[PDB]
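Using ideal geometry, Cβ is built from the backbone for each residue, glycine included, and neighbour counts are taken over all protein chains shown. Values in this text are rule-based calculations from the coordinates and carry no lab data.
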Amino acid sequence: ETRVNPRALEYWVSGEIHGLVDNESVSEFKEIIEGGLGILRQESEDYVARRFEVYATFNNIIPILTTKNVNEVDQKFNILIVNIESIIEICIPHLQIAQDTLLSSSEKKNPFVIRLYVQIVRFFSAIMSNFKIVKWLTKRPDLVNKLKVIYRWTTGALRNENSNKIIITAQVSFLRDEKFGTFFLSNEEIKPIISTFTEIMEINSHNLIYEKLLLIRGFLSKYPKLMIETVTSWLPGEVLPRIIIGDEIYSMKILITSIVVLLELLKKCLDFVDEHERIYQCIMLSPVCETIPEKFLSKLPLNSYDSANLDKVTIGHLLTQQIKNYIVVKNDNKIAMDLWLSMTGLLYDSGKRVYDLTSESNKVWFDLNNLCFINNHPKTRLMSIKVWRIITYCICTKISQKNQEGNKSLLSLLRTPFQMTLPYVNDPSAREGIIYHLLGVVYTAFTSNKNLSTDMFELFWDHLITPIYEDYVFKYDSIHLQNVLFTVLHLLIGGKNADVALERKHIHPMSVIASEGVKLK
Amino acid sequence: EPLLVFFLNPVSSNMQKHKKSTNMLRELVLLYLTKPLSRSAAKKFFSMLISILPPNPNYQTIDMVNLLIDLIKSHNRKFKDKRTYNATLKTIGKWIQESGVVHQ
DNA sequence: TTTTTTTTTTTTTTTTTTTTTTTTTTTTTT
DNA sequence: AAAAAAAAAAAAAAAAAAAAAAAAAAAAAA
């Protein structure tokens, strides 16, 4: 007999009763939700206890994406887009009184209100992350600006009072999944959010760093222009120290996640060049105490006079040391080189810093690559050449003809892989790295560079191609290698006999950054 | 696609069609899984190959299904799944044989 | 004897193509 | 006579499919 009732007091007993049975794939789920919203109408003799259970079942009868039927999602959320005016009069103040009683003291580990606070935050997260609600909200901006208060309080609830591991994780997962701000928050309304990424209550329980670094991903791909304008805060304050302290104070998951954030900024920042030059300023010009908070420096494995001269240790030095232990101690050759890559690109994309590659204080980065290339593993030897794609891109896109001997010096260093592989021409992998590199040089200097004039070509010729071919190529007994190395010449003159596109075509300079790189086609 | 036709071809009877069909339907699957059982395939192909088991009618079709289902269940005892989808690989018997004891 | 990488799959985002609205302007009732 | 309706004819928004990219898991090398 069906008489549990959708409303009144009969449905939720004082701790459970949800409804994941016949309401899974069925519309009648409606009356549990619209029921619960009616129970939230103040009164608060019997209805105060039952506030814990209603926001519990809301996080239970909600579906995932369900590719099998994206319409059961569409139809369940179509109740909320009608009920929404009611959610805003009650669930916002019911969150606020639960928050502010959790923002008045220190001992406040009270299991009634703190177990409710997490359940009401999940309920809002699942409302915001639903993209169909985001397109629908544009129909009424009165509700957008009422709802905007969630962020206005959440931003205080990270850097004030006793924000607990659970309270932080619920607010960060919300801001990772939110999607809402892209169409409803202005760039300046978002800066108060990024302003918290540096300022969080400290408990490096691994849980908390893992979600903190994943938030930076969602914010880079959904808010790039905003993240880059502010990079001088969140990168040196809370991301960059995570790698430097080492694996022991953390877990390898944390270290890898803080390497991925570097690659994402690289795939969204060459778009803007960093004309503010934040990169070289906050990392290679500046020492530790100018940009790293004490919050991470007290946890740092210091060594010698460097501990008393934090005024002199520029961040590039301590980074260069940590990369050295991965190759020589752990054998983590990939982690060392994929990291090393991302910094060199971002640091030197500035159309005057490209020349700093020539400096002896900076050649320690090439030495560090050489110490990887002397290792046994053929895949490691190939990969320590596969990285040079950035060195081509910086030297051949952001270059200025004016510094004639500067250009010539960069173009000479760019042949260093051929000097390393010359004795190793016997090995399959050592032959292949020559081709992969050289495709990227040719492509970037001539196919994707529009600005060739006369003057750029002369630098790219009797100072570049002639020193490549006379001093390396005309000395390899490997005939099948030479066949490919001379095929690139036919392509540039007018015989395009190199498949081009059969079935299974690169033109913008970003294309050389890719894992396959570039081909003859 | 062809396994859909392997079911409904007896709508027009002809035991000459059946007599070659059941013989070829055995040798089709004898080599389909020559490599040592992918974990993912033990759920991917498993899921769509059960989304359409009817007609529940058609007496001369279910003869062919009962003759093939235990040919599969024979290798499911010999060199099945080296762990992973153990549990779902026997749910194949639970709903398929429910049909074969409701309309026979 | 177990670590590391590649094909199958998943997702974003172009690039086409379609959906759709809103300005424009004659002849009769406000 | 003035304001309102009636109809040409340009204009603007957004979802699909496939390439890449990237993940799970599977294929390879210890």
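What the table below lists for this structure:
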quantity: 222 nm mean residue ellipticity, helices alone, for chain A (DSSP H n ≥ 4; -39,500 (n - 2.57); rounded to 500); calculated: -16000 deg cm²/dmol
quantity: Most to least packed among A:316-329, A:343-356, A:470-483 [average Cβ atoms within 10 Å]; calculated: A:343-356, A:316-329, A:470-483
quantity: Note, ³J(HN,Hα) from phi for region B:28-35, Karplus 6.51, -1.76, 1.60, rounded to Hz, x at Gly and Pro; calculated: 3, 8, 4, 10, 2, 10, 6, 7
quantity: Relative contact order of region A:19-95, pairs being alpha-carbon contacts under 8 Å that are 6 or more residues apart, as %; calculated: 39
quantity: log₁₀ of I(q)/I(0) at q = 0.15 Å⁻¹ - chain B, Debye sum with one point per alpha carbon; calculated: -0.67
quantity: Per-q log10 I(q)/I(0), region A:412-479, q = 0.12, 0.23, 0.26 Å⁻¹ (Debye; single scatterer per alpha-carbon; no solvent); calculated: -0.34, -1.04, -1.22
quantity: Using distinct alpha-carbon pairs, which all enter the 1/r mean, Kirkwood radius of region A:281-405 in Å; calculated: 16.1
quantity: Distance cut-off 13 Å, percentage of C-alpha pairs in region B:1-58 lying past it; calculated: 71
quantity: Whether region A:170-312 is rounded, prolate or oblate, judged on the alpha carbon gyration tensor where a/c under 1.5 counts as rounded; calculated: oblate
quantity: Options A:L263, A:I493, A:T101, ranked by Cα towards positive dipole end of chain A, top entry (Cβ charges); calculated: A:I493
quantity: Relative frequency of Cα-Cα separations exceeding 20 Å in region A:344-436, percent; calculated: 37
quantity: Chain B: relative contact order as a whole-number percent, Cα under 8 Å and 6+ apart; calculated: 40
quantity: Kirkwood hydrodynamic radius of region A:46-197, Cα pairs, Å; calculated: 16.5
quantity: Residue-wise HN-Hα coupling along region A:448-464, computed from phi with Karplus coefficients 6.51, -1.76, 1.60 (Hz; x: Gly, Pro); calculated: 9, 5, 7, 8, 9, 6, 9, 5, 5, 4, 4, 5, 6, 10, 5, 9, 10
quantity: Cα centroid separation, region A:26-72 to region B:1-47 (Å); calculated: 46
quantity: Peptide ranges A:77-89, A:49-61 listed from the most packed, as the mean C-beta count within 10 angstrom indicates; calculated: A:49-61, A:77-89
quantity: 5 Å binning of all Cα-Cα separations within region A:99-168, expressed as whole percents from 0 upward; calculated: 3, 13, 23, 22, 15, 11, 8, 4, 1
quantity: Alpha carbon Rg of region A:156-232, scaled by the compact-globule rule 2.2 N^0.38 Å; calculated: 1.07
quantity: Estimated vicinal HN-Hα couplings, Hz - region A:54-65 in sequence order (Karplus 6.51, -1.76, 1.60; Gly, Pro = x); calculated: 5, 6, 6, 5, 4, 7, 10, 8, 5, x, 6, 3
quantity: Local electrostatic count at A:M383 - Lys and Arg +1, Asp and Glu -1, tallied over other residues with Cβ under 9 Å; calculated: +3
quantity: Around B:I72: net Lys/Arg minus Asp/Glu count, Cβ-Cβ under 15 Å; calculated: +4
quantity: Region A:288-353: C-alpha gyration tensor shape, a/c 1.5 cut-off, then a/b vs b/c; calculated: oblate
quantity: Burial ranking of peptide ranges A:116-129, A:443-456 (average Cβ count within 10 Å, highest at the top); calculated: A:116-129, A:443-456
quantity: Length-normalised contact order of region A:326-485 in % [C-alpha pairs under 8 Å, at least 6 apart]; calculated: 23
quantity: C-alpha center-to-center spacing [region A:177-206, region A:254-303] in angstrom; calculated: 18
quantity: Kirkwood Rh and Cα Rg combined as Rg/Rh, region A:235-341; calculated: 0.95
quantity: Whichever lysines have a C-alpha closer than 27 Å to that of A:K165, once near sequence neighbours (fewer than 8 apart) are set aside; calculated: A:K108, A:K109, A:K148, A:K179, A:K191, A:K212, A:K222, A:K253, A:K295, A:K299
quantity: Under the Debye formula (equal points on every Cα, no solvent term), log10 I(q)/I(0) of the protein assembly as shown at q = 0.09, 0.10, 0.12 Å⁻¹; calculated: -1.02, -1.11, -1.21
quantity: Shape call, region A:402-521: gyration tensor on alpha carbons, a/c limit 1.5; calculated: oblate
